[PDB]
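So the sequences go chain by chain: A, B, C, D and E. For the first sequence, the positions run 1 to 25 when PDB author numbering is used. For the second sequence, the positions run 1 to 25 when PDB author numbering is used. For the third sequence, the positions run 1 to 25 when PDB author numbering is used. For the fourth sequence, the positions run 1 to 25 when PDB author numbering is used. For the fifth sequence, the positions run 1 to 25 when PDB author numbering is used. Built from N, CA and C at the ideal position, the CB exists for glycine as well. Here's the structure, in structure tokens; my notes come after.
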Amino acid sequence: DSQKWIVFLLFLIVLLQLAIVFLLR
Amino acid sequence: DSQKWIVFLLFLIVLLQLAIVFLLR
Amino acid sequence: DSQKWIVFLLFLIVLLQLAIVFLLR
Amino acid sequence: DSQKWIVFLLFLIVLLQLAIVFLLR
Amino acid sequence: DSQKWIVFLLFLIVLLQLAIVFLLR
């Protein structure tokens, strides 16, 4: 099922975006 | 279901992207 | 429909990424 | 359908993000 | 299917974000 994969990849994207925000400030 | 999680994570992504933009500016 | 929310949020992300590209120049 | 726009947006994001990478290094 | 395209593009976005995080460090 690709739905669970999509949600997992979105979660990774959110985590990395938060990492980028932390890096900027 | 999965759609709720996908929309919620997209909301989080947009908020983080706004944070990134506001930090750049 | 959740598809409308997904498309709209991706549109917002596209705008925000365009803004990031503009601010990085 | 609306799905065709999702992909259309998603790849766009990818392209912009690639530009972002080159805009940092 | 096109969900496979979605997953593939999400993985590319994750790789690009990881490249961003590694470049910034």
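What did DSSP end up calling B/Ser2 once you bin it into helix, strand or coil? In the second sequence, residue 2 of chain B corresponds to position 2, counting from 1. Three-state DSSP puts B/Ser2 in a helix.
Buried or exposed (CB count within 10 angstroms, at least 16 for buried), C/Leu23: Here residue 23 of chain C is taken as the residue at index 23 of the third sequence, counted from 1. Exposed, by the Cβ-count rule.
Quiz item: Mind pulling the chain B residues with CB within less than 7 Å of A/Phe11?
Solution: In the first sequence, counting from the first residue as 1, residue 11 of chain A sits at position 11. Result: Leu9.
Quick one: Cα of E/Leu12 to Cα of C/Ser2, how far? Along the fifth sequence, read from residue 1 onward, the residue named residue 12 of chain E stands at position 12. Along the third sequence, read from residue 1 onward, the residue named residue 2 of chain C stands at position 2. Spanning the alpha carbons of E/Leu12 and C/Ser2 requires a straight line of approximately 24 Å.
Q.
On the criterion of 16 or more Cβ atoms from any shown chain inside 10 Å, does E/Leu15 qualify as buried, or is it exposed?
A. Here residue 15 of chain E refers to the residue found at position 15 of the fifth sequence. So E/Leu15 ends up on the exposed side.
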